[PDB]
């Protein structure tokens, strides 16, 4: 069958100030034809808590086989306590499993210039939770994308439209073993 991959993300998955069809999850959907459906449920600026609030309706609506969780970066960019982000992500993972879906957790990291003790503590939540729940820990693309000015919006913060096909292709490669086309 054609399973659904739900992406529960922030602007890194929604695409910042662009059409939904331009963002990498839509490009991935198109690449996969109808082998697997990709539903992007991502909103620019969402905290992990905001994503968690949206999740139950999405699980009921979409009944996904897998849920790619790409959240917590906004919490970290706002200097929220790591334990709160950890706990919120923990709840998301519990809810995804309890809906008979497989969570996939994307590592998030803050930029090299961010406060270092804080950034280490923030980034450590992701391998911790992936081990705790025994779920896939997906790699994070943003630092590589930021190396290409031609893939970044004028702020040097958000990937642009031209980045999206590259991200889609890379994500397709990371997700190949999971969807087993």
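Residue numbers count along the first chain shown, from 1.
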Item to check | Between the two ranges 112-120 and 143-151, the one averaging a larger CA B factor in the entry | outcome: 112-120
Checklist entry - Averaged over C-alpha atoms, is the B-factor higher for 172-180 or for 4-12 in this PDB entry? => result 172-180
Next on the checklist: Among the choices 107, 84, 91, 74, identify the one whose CA B-factor in the record is greatest.
Outcome noted: 84
Item to check | Among 49, 34, 44, 40 - the residue whose C-alpha B-factor is largest in the record | outcome: 34
Checklist outcome for this item: The third of the chain into which the C-alpha temperature factor of residue 57 falls is the highest
